[PDB]
$ cat query-v3.cif   # mmCIF, C-alpha atoms
data_data
loop_
_atom_site.label_atom_id
_atom_site.label_comp_id
_atom_site.auth_asym_id
_atom_site.auth_seq_id
_atom_site.Cartn_x
_atom_site.Cartn_y
_atom_site.Cartn_z
CA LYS A 3 -59.04 60.46 149.64
CA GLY A 4 -61.45 58.75 152.09
CA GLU A 5 -60.02 60.08 155.38
CA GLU A 6 -60.63 63.52 153.86
CA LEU A 7 -64.29 62.83 154.69
CA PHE A 8 -63.52 62.73 158.46
CA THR A 9 -61.76 66.11 158.70
CA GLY A 10 -64.72 67.82 160.41
CA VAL A 11 -67.72 66.74 162.48
CA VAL A 12 -69.77 64.03 160.76
CA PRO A 13 -73.41 63.19 161.60
CA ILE A 14 -74.13 59.54 162.43
CA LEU A 15 -77.15 57.25 162.21
CA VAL A 16 -77.28 53.78 163.77
CA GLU A 17 -80.12 51.30 163.13
CA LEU A 18 -80.24 47.82 164.66
CA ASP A 19 -82.75 44.98 164.37
CA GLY A 20 -82.13 42.28 166.95
CA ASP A 21 -83.53 38.89 167.97
CA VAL A 22 -82.19 37.16 171.10
CA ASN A 23 -83.87 33.84 171.99
CA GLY A 24 -86.86 35.06 169.98
CA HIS A 25 -87.03 38.31 171.96
CA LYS A 26 -87.08 40.83 169.10
CA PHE A 27 -86.15 44.51 169.40
CA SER A 28 -85.00 47.55 167.43
CA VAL A 29 -82.60 50.36 168.38
CA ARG A 30 -82.10 53.70 166.63
CA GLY A 31 -79.24 56.09 167.39
CA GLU A 32 -78.24 59.53 166.18
CA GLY A 33 -75.40 61.92 166.94
CA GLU A 34 -71.99 62.78 165.56
CA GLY A 35 -68.36 61.80 165.31
CA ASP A 36 -65.15 63.84 165.41
CA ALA A 37 -62.37 61.58 164.14
CA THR A 38 -59.61 64.17 164.55
CA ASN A 39 -60.24 63.84 168.30
CA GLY A 40 -61.45 60.22 168.15
CA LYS A 41 -64.76 61.23 169.77
CA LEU A 42 -68.28 59.86 169.27
CA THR A 43 -71.43 61.11 171.02
CA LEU A 44 -74.78 59.43 170.40
CA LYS A 45 -78.16 58.85 171.99
CA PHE A 46 -79.73 55.42 171.38
CA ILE A 47 -83.44 54.60 171.74
CA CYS A 48 -85.08 51.20 171.93
CA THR A 49 -87.89 51.99 169.53
CA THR A 50 -89.77 48.71 170.30
CA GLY A 51 -90.12 49.45 174.03
CA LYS A 52 -88.05 47.55 176.61
CA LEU A 53 -84.61 46.39 175.51
CA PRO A 54 -84.40 42.65 176.33
CA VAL A 55 -80.60 42.70 176.92
CA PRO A 56 -78.42 45.12 178.90
CA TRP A 57 -77.37 48.27 177.05
CA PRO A 58 -73.62 47.67 177.65
CA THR A 59 -73.67 44.35 175.80
CA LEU A 60 -74.51 46.26 172.60
CA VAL A 61 -71.82 49.01 172.80
CA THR A 62 -69.31 47.22 170.56
CA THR A 63 -72.11 46.47 168.04
CA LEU A 64 -73.66 49.97 167.89
CA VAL A 68 -68.16 52.89 163.68
CA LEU A 69 -64.38 52.45 163.88
CA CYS A 70 -63.85 54.92 161.05
CA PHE A 71 -64.02 57.64 163.76
CA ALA A 72 -60.96 56.32 165.62
CA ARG A 73 -58.01 58.70 165.87
CA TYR A 74 -55.05 57.37 163.98
CA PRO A 75 -51.84 59.31 164.77
CA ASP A 76 -50.22 60.78 161.65
CA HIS A 77 -47.30 58.39 161.96
CA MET A 78 -49.99 55.64 161.55
CA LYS A 79 -52.32 57.12 158.88
CA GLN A 80 -51.16 54.28 156.57
CA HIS A 81 -52.70 51.67 158.91
CA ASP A 82 -56.24 53.11 158.91
CA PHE A 83 -58.24 50.45 157.07
CA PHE A 84 -61.66 51.76 158.12
CA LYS A 85 -61.32 55.24 156.60
CA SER A 86 -59.67 53.96 153.41
CA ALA A 87 -62.82 52.07 152.35
CA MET A 88 -65.04 55.15 152.53
CA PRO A 89 -67.43 56.38 151.25
CA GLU A 90 -68.18 52.88 149.92
CA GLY A 91 -67.94 51.52 153.45
CA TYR A 92 -67.21 48.07 154.80
CA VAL A 93 -68.99 45.08 156.29
CA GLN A 94 -68.38 44.34 159.97
CA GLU A 95 -69.21 40.86 161.26
CA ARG A 96 -68.79 39.46 164.75
CA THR A 97 -69.45 36.57 167.01
CA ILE A 98 -69.72 37.66 170.62
CA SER A 99 -69.56 34.57 172.84
CA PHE A 100 -70.60 35.23 176.43
CA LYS A 101 -68.84 32.93 178.88
CA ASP A 102 -71.26 30.30 180.25
CA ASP A 103 -74.18 31.71 178.25
CA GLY A 104 -75.37 32.50 174.72
CA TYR A 105 -73.70 34.21 171.79
CA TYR A 106 -74.49 37.13 169.48
CA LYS A 107 -74.00 37.07 165.72
CA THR A 108 -73.86 40.47 164.04
CA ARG A 109 -73.64 41.68 160.48
CA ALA A 110 -73.33 45.40 159.81
CA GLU A 111 -72.73 47.76 156.92
CA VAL A 112 -71.03 51.07 157.73
CA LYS A 113 -70.99 53.50 154.82
CA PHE A 114 -71.95 56.99 153.73
CA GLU A 115 -75.51 57.80 152.67
CA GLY A 116 -75.22 61.42 151.69
CA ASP A 117 -73.30 63.37 154.33
CA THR A 118 -74.33 60.93 157.10
CA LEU A 119 -72.26 57.97 158.29
CA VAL A 120 -74.70 55.06 158.73
CA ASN A 121 -74.26 51.85 160.78
CA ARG A 122 -76.99 49.32 159.88
CA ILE A 123 -76.82 46.11 161.90
CA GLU A 124 -78.58 42.76 162.02
CA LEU A 125 -78.07 40.95 165.32
CA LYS A 126 -79.18 37.45 166.31
CA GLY A 127 -78.70 36.00 169.81
CA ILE A 128 -78.62 32.23 170.32
CA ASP A 129 -78.66 29.88 173.32
CA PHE A 130 -78.94 32.39 176.16
CA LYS A 131 -80.12 31.45 179.64
CA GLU A 132 -83.38 33.21 180.47
CA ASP A 133 -82.23 33.45 184.13
CA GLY A 134 -78.66 34.48 183.20
CA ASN A 135 -76.68 37.72 183.33
CA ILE A 136 -77.84 39.00 179.94
CA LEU A 137 -81.51 38.02 179.64
CA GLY A 138 -81.84 38.57 183.43
CA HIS A 139 -80.45 42.15 183.38
CA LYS A 140 -77.74 41.53 185.98
CA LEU A 141 -74.99 43.75 184.49
CA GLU A 142 -74.00 47.17 185.72
CA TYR A 143 -74.67 50.22 183.55
CA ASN A 144 -71.00 51.03 182.85
CA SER A 145 -68.20 50.08 180.45
CA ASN A 146 -64.54 49.26 181.11
CA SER A 147 -61.70 50.66 179.05
CA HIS A 148 -60.14 48.08 176.75
CA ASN A 149 -57.52 47.55 174.03
CA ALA A 150 -58.15 45.38 170.96
CA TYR A 151 -55.39 44.21 168.61
CA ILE A 152 -55.93 44.56 164.87
CA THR A 153 -54.20 42.36 162.28
CA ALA A 154 -54.69 42.39 158.55
CA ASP A 155 -56.15 39.56 156.47
CA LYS A 156 -54.87 39.73 152.91
CA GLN A 157 -56.78 36.52 152.01
CA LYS A 158 -59.97 38.61 152.33
CA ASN A 159 -58.73 42.18 151.57
CA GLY A 160 -59.44 43.33 155.12
CA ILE A 161 -58.72 43.09 158.84
CA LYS A 162 -59.58 40.81 161.71
CA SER A 163 -59.43 41.11 165.47
CA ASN A 164 -60.17 38.96 168.47
CA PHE A 165 -60.52 40.73 171.80
CA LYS A 166 -62.07 40.30 175.23
CA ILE A 167 -64.75 42.56 176.71
CA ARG A 168 -65.39 42.34 180.46
CA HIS A 169 -68.81 43.41 181.77
CA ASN A 170 -69.19 44.19 185.48
CA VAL A 171 -71.87 41.92 187.12
CA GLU A 172 -73.94 43.43 189.92
CA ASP A 173 -72.74 40.78 192.40
CA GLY A 174 -69.13 41.95 191.86
CA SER A 175 -68.09 39.24 189.41
CA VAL A 176 -67.13 39.81 185.78
CA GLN A 177 -68.89 38.46 182.68
CA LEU A 178 -66.51 37.84 179.78
CA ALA A 179 -67.60 38.45 176.18
CA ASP A 180 -65.22 37.08 173.56
CA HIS A 181 -65.37 39.05 170.32
CA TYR A 182 -64.29 37.66 166.96
CA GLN A 183 -64.43 40.28 164.26
CA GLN A 184 -63.86 40.56 160.53
CA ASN A 185 -64.14 43.53 158.20
CA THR A 186 -64.16 43.45 154.41
CA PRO A 187 -64.74 46.36 152.01
CA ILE A 188 -67.94 46.95 150.06
CA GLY A 189 -66.36 48.64 147.04
CA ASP A 190 -63.39 47.48 144.99
CA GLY A 191 -61.19 50.55 145.47
CA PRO A 192 -57.81 50.40 147.18
CA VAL A 193 -57.75 49.78 150.93
CA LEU A 194 -54.84 50.06 153.36
CA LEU A 195 -53.83 46.82 155.02
CA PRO A 196 -52.19 47.63 158.35
CA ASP A 197 -49.51 46.03 160.44
CA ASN A 198 -50.24 44.61 163.88
CA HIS A 199 -51.46 47.33 166.25
CA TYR A 200 -54.38 48.02 168.57
CA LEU A 201 -57.30 50.34 169.27
CA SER A 202 -57.60 52.00 172.70
CA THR A 203 -61.20 52.61 173.81
CA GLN A 204 -62.95 54.44 176.65
CA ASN A 205 -66.75 54.60 177.06
CA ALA A 206 -68.99 56.80 179.21
CA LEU A 207 -72.64 55.72 179.62
CA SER A 208 -75.34 58.03 180.97
CA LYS A 209 -79.07 58.85 180.81
CA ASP A 210 -80.98 61.82 179.44
CA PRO A 211 -83.13 63.38 182.21
CA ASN A 212 -86.16 64.21 180.00
CA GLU A 213 -86.38 60.85 178.18
CA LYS A 214 -88.91 58.24 179.31
CA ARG A 215 -88.05 55.70 176.63
CA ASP A 216 -85.45 52.98 177.27
CA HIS A 217 -82.23 54.55 176.04
CA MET A 218 -78.47 55.01 176.33
CA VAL A 219 -76.44 58.19 176.02
CA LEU A 220 -72.91 57.24 174.95
CA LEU A 221 -69.63 59.09 174.75
CA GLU A 222 -66.75 57.00 173.35
CA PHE A 223 -63.09 57.72 172.52
CA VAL A 224 -61.14 55.39 170.18
CA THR A 225 -57.41 56.00 169.57
CA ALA A 226 -55.00 53.85 167.56
CA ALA A 227 -51.56 52.91 168.90
CA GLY A 228 -48.98 50.08 168.89
CA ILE A 229 -46.86 51.14 165.88
CA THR A 230 -43.54 52.36 167.34
#
$ encode --input "query-v3.cif" --output "structure tokens"
Amino acid sequence: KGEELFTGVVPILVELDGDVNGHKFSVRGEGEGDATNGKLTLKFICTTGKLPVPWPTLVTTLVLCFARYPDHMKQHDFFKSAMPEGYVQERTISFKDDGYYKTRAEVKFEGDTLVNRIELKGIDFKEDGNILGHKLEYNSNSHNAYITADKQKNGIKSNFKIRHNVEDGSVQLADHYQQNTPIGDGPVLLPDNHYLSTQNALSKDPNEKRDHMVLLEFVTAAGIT
């Protein structure tokens, strides 16, 4: 059905418009995803110049249909079931002792390309803080996030903690509250409790003067015995 669209390598486009404390910005990303391996590789550009927040605080915002579900769990893969009609992904990301992001995204096929189109708004940040002040390291910790279904919306939900390394050695916590609901009316799989296992590698492109992030990410589903 839908997962049949992720059998090979799939090109990806990501487009974000953001506004954090009135600091506006745009990011564009392109690359590809290999769901059989659970692998994503993309290069992101801040097309409006200087990104006013640290690149790692946007990783979770900038395509969970490329996660690797083990065959004994193919019946718990909500994200692929809704394709190619896609789903809406919405989050609140509350940074501890600081502001919060609100995101609304549509992930769906436009032709052969998987597209992630996001609107982000950031509210109540401290201009001298860890985010607006660029005090976070350029790295990304591995993390697990538990998925549960929500039948009262025909989708899934997940709360999970992200921990950003601060350059003083402390840790900045970012609480994520997520919901996903399908765009079409077709049948979608509603899973049982499980989790996604994620690793991220962040790097730079040597011949790129623009503000940018090269990202390699692996996402693998687990939890169902």
$ resolve_selection --input "query-v3.cif" --expression "the PyMOL selection byres ((chain A and resi 71) around 9)" --output "JSON, numbers by chain"
{"A": [8, 35, 36, 37, 38, 39, 40, 41, 42, 68, 69, 70, 72, 73, 74, 84, 85, 223, 224, 225]}
$ closest_residue --input "query-v3.cif" --among "A:95, A:117, A:76, A:222" --to "residue 61 in chain A" --atoms "only C-alpha atoms"
A:222
$ closest_residue --input "query-v3.cif" --among "A:111, A:15, A:75, A:143" --to "residue 208 in chain A" --atoms "all atoms listed in the file"
A:143
$ residues_around --input "query-v3.cif" --residues "residue 172 in chain A" --least-positions-apart "5" --cutoff "7 Å" --atoms "all atoms listed in the file" --output "number ranges by chain"
A: 140-142
$ residues_around --input "query-v3.cif" --residues "residue 53 in chain A" --least-positions-apart "4" --cutoff "7 Å" --atoms "all atoms listed in the file" --output "compact mmCIF listing (two decimals) with C-alpha atoms, in the frame of the given file"
# COMPACT_ATOMS: atom_id res chain seq x y z
CA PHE A 27 -86.15 44.51 169.40
CA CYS A 48 -85.08 51.20 171.93
CA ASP A 216 -85.45 52.98 177.27
